[PDB]
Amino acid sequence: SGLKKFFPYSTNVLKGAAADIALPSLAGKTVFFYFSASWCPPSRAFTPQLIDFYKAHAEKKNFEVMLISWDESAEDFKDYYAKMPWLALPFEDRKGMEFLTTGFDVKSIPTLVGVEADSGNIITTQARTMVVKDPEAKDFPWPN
């Protein structure tokens, strides 16, 4: 996996209440790293739009979303991630969050960066705006 250079400290990611998801289940997909936090109103307001997009398109367009949390506390993470249907980098992997923030040049939230799982190549850094501008995914994955 292609993405293994982006997970130095977590071998499993979250889905719902579990922590049994491994990286091979992302083979062949585009993976969107979603930088967000509940303390940020703009981020909170973008999340539902991304939820509708995910329900409409995740299967047909073969993508996954992974929350990379800038939340303030373990409790805030738990409550905010519980609103989401997709994956998350575990909160206790703070170092891994900082690694990805630096690696994808994330200076603000919400930010959504799409990567090809098999190569690890960044495909798009504009997915936040394009989920809003292209809600039917006509031009997905919006390659930069």
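Residue numbers here begin at 1 and follow the sequence given.
Novice: Which wins on mean Cα temperature factor, 45-53 or 28-36?
Specialist: Per the PDB entry, the higher value belongs to 45-53.
Novice: Mean C-alpha B factor from the entry: is it higher for 61-69 or for 102-110?
Specialist: Between 61-69 and 102-110, it is 102-110.
Novice: Can you tell me whether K95 has a C-alpha B-factor in the lowest, middle or highest third compared with the other modelled residues of the same chain?
Specialist: It falls in the middle third of the chain.
Novice: Quick check for you: using the entry's CA B-factors within this chain, is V131 in the lowest, middle or highest third?
Specialist: As the PDB entry reports it, the C-alpha B-factor of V131 lands in the lowest third of its chain.
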